[PDB]
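> quick check, what structure comes out for this input:
(chains A, B, C and D, ligands or ions: 2)
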Amino acid sequence: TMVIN
Amino acid sequence: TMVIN
Amino acid sequence: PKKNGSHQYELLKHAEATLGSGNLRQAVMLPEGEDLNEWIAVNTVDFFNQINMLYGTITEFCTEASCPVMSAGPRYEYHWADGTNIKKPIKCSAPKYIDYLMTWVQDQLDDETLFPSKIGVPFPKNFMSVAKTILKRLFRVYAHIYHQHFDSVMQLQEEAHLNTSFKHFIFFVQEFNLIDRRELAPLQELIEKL
Amino acid sequence: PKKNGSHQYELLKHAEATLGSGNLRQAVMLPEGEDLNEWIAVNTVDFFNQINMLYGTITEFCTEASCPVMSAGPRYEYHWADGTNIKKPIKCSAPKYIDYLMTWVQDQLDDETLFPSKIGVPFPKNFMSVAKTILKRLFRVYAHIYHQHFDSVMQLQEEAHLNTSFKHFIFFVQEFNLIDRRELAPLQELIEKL
Ligand SMILES: [Zn+2]
Ligand SMILES: [Zn+2]
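Residues are numbered from 1 along each chain as shown, chains lettered A, B, ... in the order given. Ligands and ions are numbered 1, 2, ... in the order given. Sure, the structure comes next:
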């Protein structure tokens, strides 16, 4: 649900 | 409507 | 328990949110490019709701017994008259007077020639007069609660609720010239400290 | 255009008025003797309404074109999943995601086993979990507006509206421990200044 680079 | 003493 | 509204609903939420800065003289001012009548109408409704709930908290302490008259202090006494149903002011109890008063404000709020719900319909040319009469009469509900019932207001903890809503009320009517000094005389001492 | 309500309606007006002191860490605290679930439920609804209207002001600038993803900054990207209809998170546009998100929050608000309208019915034992999920997901709408659309927020003058509502939002979730630091990371710089 929450993706980070 | 508005009375004062 | 209520939820999604436009366009005067954003205005209401706009005004409610912007108070959170604590500077009420700025958040009370007309937003750029907003209709003056609609900005006063939106806040007049919210004031009516607020003072309706504030008086509702102390409603068990305000009776035909302890309040045979409408009073802000011993110096000021209010007798009820509106347009037609009651022309000559009539002496009644503070609970009954506020019932006359709040039922009357509701009637204007539900009049679409006065407060039109369609977003494109102009407020009437006399709207400013009608709104001044509403707010000057709702102020008296603050005045009666402060003078008579403030001890009940502190038994419940509503005192912050009432003072913040009253501070917002005074700064709003002052900004837009909505009430005469002669009407605010009962709370004038408190008004000068705010 | 709305008017008289009880008892969670006084609570909502209570919270809205008490912000006018400008000290939001005090007005956010649970009033003495008030149900914790009801105080969070009342503010969660108001937050939903506020952010619904804030996003509604900029809704013409947030499109499938300029926002092919849900983004708070380039570092953070949100893919939508709830319980069942969507289990595995799905990549979609920021307008479509917020539509999924706000329609989902509404569904919980309209669930009386979650947010009961009868004043005597206890909130469910898991209510705290359900409310944390709502607020953590509504925060992301602040985050997307701040990172992407803040220029539109200042073309309209909503910036005070949004910052006051966001300050109230952060101080509320912080008081009651409603959101993890890992979720507030996108606005962490702004959060530290508030
Ligand atoms: Zn009384
Ligand atoms: Zn966008």
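> tell me the residues of chain C that contact chain B?
With Cβ under 8 Å from any Cβ of the partner chain as the criterion, chain C comes near chain B at residues C:74, C:75, C:76, C:77, C:78, C:79, C:80, C:81, C:89, C:183. Placement of C-beta: from N, CA and C, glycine included.
> what ranges do the helices span in chain C?
Residue ranges of the helices in chain C, as given by DSSP state H, are C:8-18, C:24-27, C:36-57, C:94-109, C:127-147, C:150-155, C:159-176, C:181-184, C:188-193.
> picking up where we left off before, which pair in the residues of chain C next to chain B has the greatest spatial separation?
Using Cβ to Cβ, those span at most 21.9 Å, a distance reached by C:74 and C:81.
> quick one on the thing from earlier: ok, so of the residues of chain C next to chain B, who is nearest chain A?
Nearest to chain A among the residues of chain C next to chain B is residue C:183, at 55.7 Å by Cβ to the nearest Cβ.
> what's the burial count for the closest one?
A count of nearby residues for residue C:183, using other Cβ atoms under 10 Å in any protein chain shown, gives 19.
> if I read this right, it contacts residue C:139, doesn't it?
Yes - Residue C:183 is in contact with residue C:139 according to Cβ atoms under 8 Å; the separation is 6.5 Å.
> which residues touch the spatially most central residue of chain C?
Residue closest to the average C-alpha location in chain C (Cα atoms, centre = their mean): residue C:138, at 3.7 Å. Going by Cβ atoms under 8 Å, 6 or more residues apart in numbering or on different chains, residue C:138 touches C:47, C:48, C:51, C:101, C:105, C:169.
> how about a cut-off of 10 Å?
Counting by Cβ atoms under 10 Å, 6 or more residues apart in numbering or on different chains, residue C:138 makes contact with C:44, C:47-48, C:50-52, C:55, C:98, C:101-102, C:105, C:169, C:173, C:179.
> list residues touching both of residue C:183 and residue C:139?
Residues touching both residue C:183 and residue C:139 (Cβ under 10 Å, 6+ apart) are residue C:173.
> could you find the closest non-adjacent residue to the residue in chain C positioned nearest to chain D?
As assessed by Cβ to the nearest Cβ, chain D sits closest to residue C:22 within chain C, at 1.4 Å. Excluding its sequence neighbours, the residue lying closest to residue C:22 (Cβ to Cβ, 6 or more residues apart in numbering or on different chains) is residue D:22, at 1.4 Å.
> how about the one you found, phi and psi?
Geometry field for residue D:22 lists phi and psi as phi 80, psi -10, criterion degrees, to the nearest 10.
> thinking again about what came up before, just checking, the residue of chain C closest to chain D touches residue D:20?
Yes - if you go by Cβ atoms under 10 Å, residue C:22 and residue D:20 touch, sitting 7.1 Å apart.
> overlap of the contact sets of these two?
Shared contacts of residue C:22 and residue D:20 (Cβ under 10 Å, 6+ apart): residue C:164.
> more neighbours, these two?
The neighbour comparison of residue C:22 against residue D:20 (other Cβ under 10 Å) goes to residue D:20, with 25 against 15.
> near chain D at all, stretch C:90-99?
No - Stretch C:90-99 stays clear of chain D (Cβ under 10 Å from any Cβ of the partner chain), getting no nearer than 12.5 Å.
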